[PDB]
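Throughout, protein chains are lettered first and strands after them, A, B, ... in sequence-line order, and every chain is numbered starting at 1.
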Amino acid sequence: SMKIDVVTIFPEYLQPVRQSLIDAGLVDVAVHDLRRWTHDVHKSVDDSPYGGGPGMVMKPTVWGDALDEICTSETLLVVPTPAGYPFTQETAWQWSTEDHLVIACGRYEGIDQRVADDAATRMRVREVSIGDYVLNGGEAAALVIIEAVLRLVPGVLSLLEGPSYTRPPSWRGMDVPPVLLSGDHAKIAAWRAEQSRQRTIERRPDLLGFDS
Amino acid sequence: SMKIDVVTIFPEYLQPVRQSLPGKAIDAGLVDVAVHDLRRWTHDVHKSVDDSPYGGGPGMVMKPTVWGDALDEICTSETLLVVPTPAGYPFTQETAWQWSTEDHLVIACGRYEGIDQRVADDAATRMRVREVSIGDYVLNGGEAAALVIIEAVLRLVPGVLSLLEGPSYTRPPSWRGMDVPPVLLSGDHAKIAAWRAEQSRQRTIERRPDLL
Ligand SMILES: COc1ccc(-c2cc(N)[nH]n2)cc1
Ligand SMILES: COc1ccc(-c2cc(N)[nH]n2)cc1
């Protein structure tokens, strides 16, 4: 059993998770509007940065009140950010056995650093990046993290994968590799091992300890 | 002026994209995103999109005949065909900048174990094809990756909407016992810039030593 809470100023962006990645009852996912923890009539969640810079920063006060209500000492607080530790398959396996994830989604130029720092005095906190590109906010990263983690949960139970094929054996004058039709398990395993190592050196040489 | 077509068996998953697009950019004709149900191009009464893998293995493979008809209708010679896959070349910020000046992106979203390799190989004989990964984790299908790519590319198109960045702060100057670093309130802007550079250097050493 896992519970996931997502906090955001754009709750509508999280609807793609509504169609189960939940239907079984293994996991429960809930989405919260950050603005519900404001108190002024304009529901202001942002202010200009100290020390200069472009754009706006999310205020710590509103975030602190939201996390106070949602989190406990058992919670793993997840904060997507381009400046984070890398989120990898290893991370996904680690988080797949957690009881409670809370994902805090930033907008504007980001969240006041004291939010994560205050939270770390009460619970475990992980600032993470899902890849070396920049988004407008954390919501799409939240969807990626939820999908990668939930598929590993017990109950929903290196090198690059090579190419796959299915019927018909000839299509537009292009043939499925004959070894794959041969029924020879040893030869098929060897061919697939070689396609994978060939794809890896071409596309991801870093995975085998080479440059670029 | 960019057109994006997305092809998927789960069209509702791409809901956040159309919802995040400002009317002004659509009205100005800067961007158009369209989502297509792959089952529109199936041949049989059961609307089949998958079949068993040649050479054996777990799961299923998406049929080349269905995908071939879909891409024949949607793509032209000027199309950049994007195929998300864990076995792809890395999608990075430089990729996003490159794709931001394209006239037509088509994103082919896989499910099951992937798409028969002859689909991409045939398409590459008449248009540019890019198989790409958005990070070193595995998803159930390409839809969440399509959301990430669309957001990272379109935020670089005007008006559509090295080292790691250090921490950001805003009001109040003191919160839950934590003060904003006094240098940021000093009015010494050369010193502030040097402080930010050192914060960035330390964060990069701790979280991303690969960047150094
Ligand atoms: C403003 O709030 C955010 C939160 C997260 C991101 C992000 C994370 C990654 N790997 N790319 N972009 C950007 C902005
Ligand atoms: C079966 O269709 C897909 C398509 C893409 C993926 C993917 C891409 C990345 N970076 N992780 N997972 C998985 C399955």
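- Checked against a 6.0 Å centroid threshold, the rings of A:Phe10 and A:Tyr13 count as neighbours.
- A salt bridge does not link A:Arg199 to A:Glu161: none of the charged side-chain nitrogens sits closer than 4.0 Å to a carboxylate oxygen.
- For A:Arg167, the CZ atom is loosely surrounded, since the number of other residues' heavy atoms within 6.0 Å does not exceed 12.
- For the pair B:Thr204 (side chain) and B:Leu164 (backbone), a donor-acceptor distance under 3.5 Å is present.
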Which pairs would a plain distance check flag for residues 52-62 of chain B, meaning a side-chain donor or acceptor within less than 3.5 Å of a matching protein atom at least two apart in sequence or in another chain?
none

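- Side-chain atoms of B:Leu14 and B:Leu147, non-hydrogen and from C-beta on, do get closer than 4.5 Å to each other.
- Annotation for A:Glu90: atom CD does not count as buried by contact number, only 12 or fewer foreign heavy atoms lying within 6.0 Å.
- Under the 3.5 Å distance criterion, the side-chain polar atoms of A:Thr81 are matched with a main-chain donor or acceptor of A:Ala83.
- In terms of the side chain to side chain donor-acceptor pair (under 3.5 Å) criterion, B:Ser133 has no residue partners (sequence neighbours excluded).
- In this structure the side chain of A:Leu159 never reaches within 4.5 angstrom of the side chain of A:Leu207, judged on heavy atoms.
- Ion pairing between B:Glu102 and B:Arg128 holds under the 4.0 Å rule for side-chain N and carboxylate O.
- Side-chain atoms of A:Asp206 and B:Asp210, non-hydrogen and from C-beta on, never get closer than 4.5 Å to each other.
- A 4.5 Å side-chain heavy-atom check between B:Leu154 and B:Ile4 finds at least one atom pair inside the cut-off.
- A:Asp132 places no side-chain N or O within donor-acceptor distance of the main-chain N or O of B:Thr92, the cut-off being under 3.5 Å.
- Between B:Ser48 and B:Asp44, the side chains place a donor N or O and an acceptor N or O closer than 3.5 Å (distance only, hydrogens not considered).
- Using a 4.0 Å cut-off between charged nitrogen and carboxylate oxygen, B:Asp72 and A:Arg172 count as a salt-bridge pair.
- Contact check on B:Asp37 versus B:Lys47 returns no salt bridge, with no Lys/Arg side-chain nitrogen under 4.0 Å from an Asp/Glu carboxylate oxygen.
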